[PDB]
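Student: Coordinates in coords_23.tsv, TSV, N, CA and C atoms, are listed below.
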chain	number	residue	atom	x	y	z
A	335	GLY	N	185.34	-7.26	79.36
A	335	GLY	CA	185.52	-7.58	80.76
A	335	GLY	C	186.99	-7.74	81.08
A	336	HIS	N	187.51	-8.94	80.80
A	336	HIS	CA	188.94	-9.16	80.87
A	336	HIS	C	189.67	-8.51	79.70
A	337	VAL	N	188.96	-8.24	78.61
A	337	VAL	CA	189.55	-7.72	77.38
A	337	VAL	C	189.46	-6.20	77.37
A	338	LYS	N	190.59	-5.54	77.13
A	338	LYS	CA	190.72	-4.09	77.06
A	338	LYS	C	191.11	-3.69	75.63
A	339	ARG	N	190.97	-2.38	75.33
A	339	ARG	CA	191.12	-1.75	74.01
A	339	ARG	C	192.42	-2.10	73.30
A	340	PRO	N	193.52	-2.23	74.05
A	340	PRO	CA	194.76	-2.69	73.43
A	340	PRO	C	194.59	-4.00	72.69
A	341	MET	N	193.71	-4.89	73.16
A	341	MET	CA	193.65	-6.21	72.53
A	341	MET	C	193.18	-6.13	71.09
A	342	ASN	N	192.22	-5.26	70.78
A	342	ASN	CA	191.73	-5.19	69.41
A	342	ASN	C	192.78	-4.62	68.46
A	343	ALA	N	193.54	-3.64	68.91
A	343	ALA	CA	194.64	-3.12	68.10
A	343	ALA	C	195.72	-4.18	67.93
A	344	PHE	N	196.07	-4.86	69.02
A	344	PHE	CA	197.04	-5.93	68.93
A	344	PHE	C	196.58	-6.98	67.94
A	345	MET	N	195.30	-7.32	67.93
A	345	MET	CA	194.84	-8.36	67.01
A	345	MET	C	194.95	-7.95	65.55
A	346	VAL	N	194.82	-6.67	65.23
A	346	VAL	CA	195.11	-6.20	63.88
A	346	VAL	C	196.58	-6.45	63.55
A	347	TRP	N	197.48	-5.99	64.41
A	347	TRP	CA	198.90	-6.23	64.24
A	347	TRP	C	199.20	-7.73	64.10
A	348	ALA	N	198.53	-8.58	64.90
A	348	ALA	CA	198.80	-10.01	64.85
A	348	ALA	C	198.29	-10.64	63.56
A	349	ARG	N	197.12	-10.23	63.09
A	349	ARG	CA	196.59	-10.79	61.85
A	349	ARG	C	197.54	-10.53	60.70
A	350	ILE	N	198.20	-9.38	60.70
A	350	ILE	CA	199.16	-9.04	59.67
A	350	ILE	C	200.42	-9.87	59.82
A	351	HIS	N	200.92	-10.03	61.05
A	351	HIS	CA	202.28	-10.51	61.24
A	351	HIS	C	202.38	-11.98	61.62
A	352	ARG	N	201.32	-12.58	62.15
A	352	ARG	CA	201.43	-13.96	62.61
A	352	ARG	C	201.85	-14.92	61.51
A	353	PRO	N	201.28	-14.88	60.29
A	353	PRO	CA	201.60	-15.96	59.34
A	353	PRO	C	203.07	-16.07	59.04
A	354	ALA	N	203.74	-14.96	58.80
A	354	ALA	CA	205.16	-15.00	58.49
A	354	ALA	C	206.00	-15.34	59.71
A	355	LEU	N	205.59	-14.90	60.89
A	355	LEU	CA	206.31	-15.26	62.09
A	355	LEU	C	206.22	-16.76	62.33
A	356	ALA	N	205.03	-17.33	62.16
A	356	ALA	CA	204.88	-18.77	62.33
A	356	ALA	C	205.77	-19.54	61.37
A	357	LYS	N	205.84	-19.09	60.12
A	357	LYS	CA	206.64	-19.79	59.12
A	357	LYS	C	208.12	-19.63	59.37
A	358	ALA	N	208.53	-18.49	59.92
A	358	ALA	CA	209.93	-18.23	60.23
A	358	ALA	C	210.39	-18.93	61.50
A	359	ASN	N	209.46	-19.29	62.38
A	359	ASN	CA	209.76	-19.98	63.64
A	359	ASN	C	208.90	-21.23	63.70
A	360	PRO	N	209.09	-22.17	62.79
A	360	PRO	CA	208.13	-23.27	62.65
A	360	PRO	C	208.26	-24.34	63.74
A	361	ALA	N	209.31	-24.32	64.54
A	361	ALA	CA	209.41	-25.23	65.67
A	361	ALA	C	208.55	-24.76	66.83
A	362	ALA	N	208.08	-23.52	66.80
A	362	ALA	CA	207.24	-22.99	67.87
A	362	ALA	C	205.78	-23.28	67.59
A	363	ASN	N	205.04	-23.63	68.63
A	363	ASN	CA	203.61	-23.82	68.45
A	363	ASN	C	202.88	-22.48	68.54
A	364	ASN	N	201.58	-22.52	68.30
A	364	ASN	CA	200.80	-21.30	68.21
A	364	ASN	C	200.87	-20.50	69.49
A	365	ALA	N	200.84	-21.18	70.64
A	365	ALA	CA	200.89	-20.46	71.91
A	365	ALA	C	202.20	-19.70	72.06
A	366	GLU	N	203.31	-20.31	71.65
A	366	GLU	CA	204.58	-19.62	71.71
A	366	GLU	C	204.66	-18.49	70.69
A	367	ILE	N	204.15	-18.70	69.47
A	367	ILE	CA	204.08	-17.60	68.50
A	367	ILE	C	203.29	-16.43	69.07
A	368	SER	N	202.19	-16.73	69.76
A	368	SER	CA	201.39	-15.67	70.37
A	368	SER	C	202.18	-14.87	71.40
A	369	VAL	N	203.00	-15.54	72.19
A	369	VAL	CA	203.86	-14.83	73.14
A	369	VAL	C	204.87	-13.95	72.40
A	370	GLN	N	205.46	-14.46	71.33
A	370	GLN	CA	206.43	-13.66	70.59
A	370	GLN	C	205.76	-12.45	69.94
A	371	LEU	N	204.54	-12.62	69.42
A	371	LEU	CA	203.83	-11.47	68.87
A	371	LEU	C	203.60	-10.41	69.93
A	372	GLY	N	203.23	-10.83	71.15
A	372	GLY	CA	203.00	-9.88	72.22
A	372	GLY	C	204.24	-9.11	72.60
A	373	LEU	N	205.40	-9.78	72.64
A	373	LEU	CA	206.64	-9.08	72.92
A	373	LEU	C	206.98	-8.09	71.80
A	374	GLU	N	206.76	-8.48	70.55
A	374	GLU	CA	207.04	-7.56	69.45
A	374	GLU	C	206.13	-6.35	69.50
A	375	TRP	N	204.86	-6.58	69.77
A	375	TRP	CA	203.93	-5.47	69.93
A	375	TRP	C	204.37	-4.52	71.03
A	376	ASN	N	204.80	-5.05	72.17
A	376	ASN	CA	205.13	-4.12	73.25
A	376	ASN	C	206.42	-3.36	72.98
A	377	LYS	N	207.26	-3.78	72.05
A	377	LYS	CA	208.43	-2.98	71.70
A	377	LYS	C	208.11	-1.84	70.74
A	378	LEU	N	206.93	-1.83	70.14
A	378	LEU	CA	206.56	-0.71	69.28
A	378	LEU	C	206.32	0.52	70.12
A	379	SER	N	206.69	1.68	69.57
A	379	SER	CA	206.39	2.94	70.23
A	379	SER	C	204.91	3.27	70.12
A	380	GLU	N	204.46	4.24	70.93
A	380	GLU	CA	203.08	4.70	70.85
A	380	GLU	C	202.76	5.16	69.43
A	381	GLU	N	203.68	5.87	68.79
A	381	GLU	CA	203.44	6.32	67.42
A	381	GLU	C	203.29	5.15	66.46
A	382	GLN	N	204.10	4.10	66.64
A	382	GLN	CA	203.99	2.95	65.76
A	382	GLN	C	202.69	2.18	65.98
A	383	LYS	N	202.18	2.17	67.20
A	383	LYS	CA	200.93	1.48	67.46
A	383	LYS	C	199.73	2.23	66.92
A	384	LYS	N	199.85	3.54	66.72
A	384	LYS	CA	198.70	4.38	66.38
A	384	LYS	C	197.91	3.84	65.20
A	385	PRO	N	198.55	3.50	64.07
A	385	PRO	CA	197.75	3.05	62.92
A	385	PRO	C	196.97	1.78	63.19
A	386	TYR	N	197.44	0.94	64.11
A	386	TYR	CA	196.69	-0.26	64.43
A	386	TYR	C	195.48	0.07	65.29
A	387	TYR	N	195.63	1.00	66.23
A	387	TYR	CA	194.47	1.49	66.96
A	387	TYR	C	193.49	2.18	66.03
A	388	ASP	N	193.99	3.00	65.10
A	388	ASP	CA	193.10	3.66	64.16
A	388	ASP	C	192.34	2.63	63.35
A	389	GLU	N	193.03	1.58	62.89
A	389	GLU	CA	192.34	0.57	62.10
A	389	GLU	C	191.35	-0.21	62.94
A	390	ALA	N	191.70	-0.52	64.19
A	390	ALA	CA	190.75	-1.22	65.05
A	390	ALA	C	189.48	-0.40	65.25
A	391	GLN	N	189.60	0.91	65.32
A	391	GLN	CA	188.43	1.77	65.46
A	391	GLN	C	187.59	1.75	64.18
A	392	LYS	N	188.22	1.75	63.01
A	392	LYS	CA	187.47	1.67	61.77
A	392	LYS	C	186.72	0.35	61.69
A	393	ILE	N	187.36	-0.74	62.09
A	393	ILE	CA	186.70	-2.04	62.12
A	393	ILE	C	185.49	-2.01	63.05
A	394	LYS	N	185.66	-1.42	64.23
A	394	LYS	CA	184.56	-1.32	65.19
A	394	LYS	C	183.39	-0.56	64.57
A	395	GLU	N	183.68	0.57	63.94
A	395	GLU	CA	182.62	1.36	63.31
A	395	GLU	C	181.92	0.56	62.22
A	396	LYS	N	182.68	-0.20	61.43
A	396	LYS	CA	182.07	-1.03	60.39
A	396	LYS	C	181.15	-2.08	61.00
A	397	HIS	N	181.56	-2.69	62.11
A	397	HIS	CA	180.70	-3.65	62.79
A	397	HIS	C	179.41	-2.99	63.24
A	398	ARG	N	179.49	-1.76	63.73
A	398	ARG	CA	178.31	-1.05	64.22
A	398	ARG	C	177.34	-0.66	63.11
A	399	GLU	N	177.75	-0.72	61.84
A	399	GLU	CA	176.80	-0.56	60.76
A	399	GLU	C	175.71	-1.62	60.80
A	400	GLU	N	175.96	-2.76	61.46
A	400	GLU	CA	174.94	-3.79	61.59
A	400	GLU	C	173.81	-3.41	62.53
A	401	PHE	N	173.97	-2.37	63.32
A	401	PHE	CA	173.08	-2.11	64.44
A	401	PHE	C	171.91	-1.21	64.03
A	402	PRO	N	170.76	-1.40	64.69
A	402	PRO	CA	169.72	-0.37	64.63
A	402	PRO	C	170.29	0.98	64.99
A	403	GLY	N	169.89	1.98	64.23
A	403	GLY	CA	170.39	3.32	64.44
A	403	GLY	C	171.48	3.74	63.49
A	404	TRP	N	172.10	2.81	62.77
A	404	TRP	CA	173.03	3.17	61.71
A	404	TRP	C	172.22	3.68	60.53
A	405	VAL	N	172.49	4.93	60.17
A	405	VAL	CA	171.80	5.76	59.15
A	405	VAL	C	170.29	5.81	59.22
Here is the file; what I need is its structure written in the form of structure tokens.

Tutor:
Amino acid sequence: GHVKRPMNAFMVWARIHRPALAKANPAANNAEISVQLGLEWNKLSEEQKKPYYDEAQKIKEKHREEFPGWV
């Protein structure tokens, strides 16, 4: 609804990068770290974002293995 396809790719990128960013900027709280992750994500080129979108799609497909109709 409010969530669009970029968010799932961004969340892959964030899961990878948040822990080290939090430790490197430990005076910042989680909400501020989240803002910094979003700015870093938006500086990536379309080509750089591609593998995160590709991985988000693989994750989606793996989730759909739970559904009736898988195999």

Student: Could you check the closest approach to residue 351 of chain A for each of A:405, A:365, A:337, A:371 and tell me which residue wins, using all atoms listed in the file?

Tutor: A:371

Student: Report as a PyMOL selection string all protein, DNA and RNA residues lying within 9 Å of residue 342 of chain A, evaluated on only C-alpha atoms, omitting residues in the same chain fewer than 6 positions from it.

Tutor: chain A and resi 386-387+390-391

Student: Please indicate the distance in Å from atom N of residue 388 of chain A to atom N of residue 368 of chain A, rounded to one decimal place.

Tutor: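 Going from atom N of residue 388 of chain A over to atom N of residue 368 of chain A, I get 21.9 Å.
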
Student: Any chance you could list, as a PyMOL selection string, the residues in chain A that come up helix (DSSP H, G or I) when DSSP is run on the backbone?

Tutor: chain A and resi 340-358+364-377+380-398

Student: Record the distance separating atom C of residue 353 of chain A and atom CA of residue 370 of chain A, expressed in Å with one decimal.

Tutor: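 Between atom C of residue 353 of chain A and atom CA of residue 370 of chain A the gap works out to 12.3 Å.
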
Student: Interatomic distance between atom CA of residue 381 of chain A and atom C of residue 336 of chain A?

Tutor: 23.7 Å

Student: So, with only N, CA and C atoms as the atoms that count, which of A:347, A:360, A:338, A:395 lies closest to residue 375 of chain A?

Tutor: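 With only N, CA and C atoms as the atom set, the closest residue is A:347.
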
Student: Since the input lacks some atoms of segment 348-372 of chain A, please model N, CA, C and O atoms and print them as a CSV table (one decimal), in the coordinates of the input.

Tutor:
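Output contents, as saved in result.csv:
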chain,number,residue,atom,x,y,z
A,348,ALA,N,198.5,-8.6,64.9
A,348,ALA,CA,198.8,-10.0,64.8
A,348,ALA,C,198.3,-10.6,63.6
A,348,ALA,O,199.0,-11.5,63.0
A,349,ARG,N,197.1,-10.2,63.1
A,349,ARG,CA,196.6,-10.8,61.8
A,349,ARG,C,197.5,-10.5,60.7
A,349,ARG,O,197.7,-11.4,59.8
A,350,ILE,N,198.2,-9.4,60.7
A,350,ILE,CA,199.2,-9.0,59.7
A,350,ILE,C,200.4,-9.9,59.8
A,350,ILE,O,201.0,-10.4,58.8
A,351,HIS,N,200.9,-10.0,61.0
A,351,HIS,CA,202.3,-10.5,61.2
A,351,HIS,C,202.4,-12.0,61.6
A,351,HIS,O,203.4,-12.6,61.4
A,352,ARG,N,201.3,-12.6,62.2
A,352,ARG,CA,201.4,-14.0,62.6
A,352,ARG,C,201.8,-14.9,61.5
A,352,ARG,O,202.7,-15.7,61.8
A,353,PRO,N,201.3,-14.9,60.3
A,353,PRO,CA,201.6,-16.0,59.3
A,353,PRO,C,203.1,-16.1,59.0
A,353,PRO,O,203.6,-17.2,59.1
A,354,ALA,N,203.7,-15.0,58.8
A,354,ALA,CA,205.2,-15.0,58.5
A,354,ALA,C,206.0,-15.3,59.7
A,354,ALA,O,207.0,-16.0,59.6
A,355,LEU,N,205.6,-14.9,60.9
A,355,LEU,CA,206.3,-15.3,62.1
A,355,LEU,C,206.2,-16.8,62.3
A,355,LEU,O,207.2,-17.4,62.7
A,356,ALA,N,205.0,-17.3,62.2
A,356,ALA,CA,204.9,-18.8,62.3
A,356,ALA,C,205.8,-19.5,61.4
A,356,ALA,O,206.4,-20.5,61.8
A,357,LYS,N,205.8,-19.1,60.1
A,357,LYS,CA,206.6,-19.8,59.1
A,357,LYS,C,208.1,-19.6,59.4
A,357,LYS,O,208.9,-20.5,59.0
A,358,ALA,N,208.5,-18.5,59.9
A,358,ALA,CA,209.9,-18.2,60.2
A,358,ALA,C,210.4,-18.9,61.5
A,358,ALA,O,211.6,-19.1,61.7
A,359,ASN,N,209.5,-19.3,62.4
A,359,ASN,CA,209.8,-20.0,63.6
A,359,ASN,C,208.9,-21.2,63.7
A,359,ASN,O,208.1,-21.4,64.6
A,360,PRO,N,209.1,-22.2,62.8
A,360,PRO,CA,208.1,-23.3,62.6
A,360,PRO,C,208.3,-24.3,63.7
A,360,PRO,O,207.3,-25.1,63.9
A,361,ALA,N,209.3,-24.3,64.5
A,361,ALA,CA,209.4,-25.2,65.7
A,361,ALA,C,208.6,-24.8,66.8
A,361,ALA,O,208.3,-25.5,67.7
A,362,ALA,N,208.1,-23.5,66.8
A,362,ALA,CA,207.2,-23.0,67.9
A,362,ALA,C,205.8,-23.3,67.6
A,362,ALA,O,205.3,-23.2,66.5
A,363,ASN,N,205.0,-23.6,68.6
A,363,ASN,CA,203.6,-23.8,68.4
A,363,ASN,C,202.9,-22.5,68.5
A,363,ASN,O,203.5,-21.4,68.8
A,364,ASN,N,201.6,-22.5,68.3
A,364,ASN,CA,200.8,-21.3,68.2
A,364,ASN,C,200.9,-20.5,69.5
A,364,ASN,O,201.0,-19.3,69.4
A,365,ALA,N,200.8,-21.2,70.6
A,365,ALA,CA,200.9,-20.5,71.9
A,365,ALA,C,202.2,-19.7,72.1
A,365,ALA,O,202.2,-18.5,72.5
A,366,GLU,N,203.3,-20.3,71.6
A,366,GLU,CA,204.6,-19.6,71.7
A,366,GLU,C,204.7,-18.5,70.7
A,366,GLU,O,205.2,-17.4,71.0
A,367,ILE,N,204.2,-18.7,69.5
A,367,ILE,CA,204.1,-17.6,68.5
A,367,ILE,C,203.3,-16.4,69.1
A,367,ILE,O,203.7,-15.3,68.9
A,368,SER,N,202.2,-16.7,69.8
A,368,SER,CA,201.4,-15.7,70.4
A,368,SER,C,202.2,-14.9,71.4
A,368,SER,O,202.1,-13.6,71.4
A,369,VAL,N,203.0,-15.5,72.2
A,369,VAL,CA,203.9,-14.8,73.1
A,369,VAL,C,204.9,-14.0,72.4
A,369,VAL,O,205.1,-12.8,72.8
A,370,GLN,N,205.5,-14.5,71.3
A,370,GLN,CA,206.4,-13.7,70.6
A,370,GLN,C,205.8,-12.4,69.9
A,370,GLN,O,206.4,-11.4,69.9
A,371,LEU,N,204.5,-12.6,69.4
A,371,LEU,CA,203.8,-11.5,68.9
A,371,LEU,C,203.6,-10.4,69.9
A,371,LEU,O,203.7,-9.2,69.7
A,372,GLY,N,203.2,-10.8,71.2
A,372,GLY,CA,203.0,-9.9,72.2
A,372,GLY,C,204.2,-9.1,72.6
A,372,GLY,O,204.2,-7.9,72.8
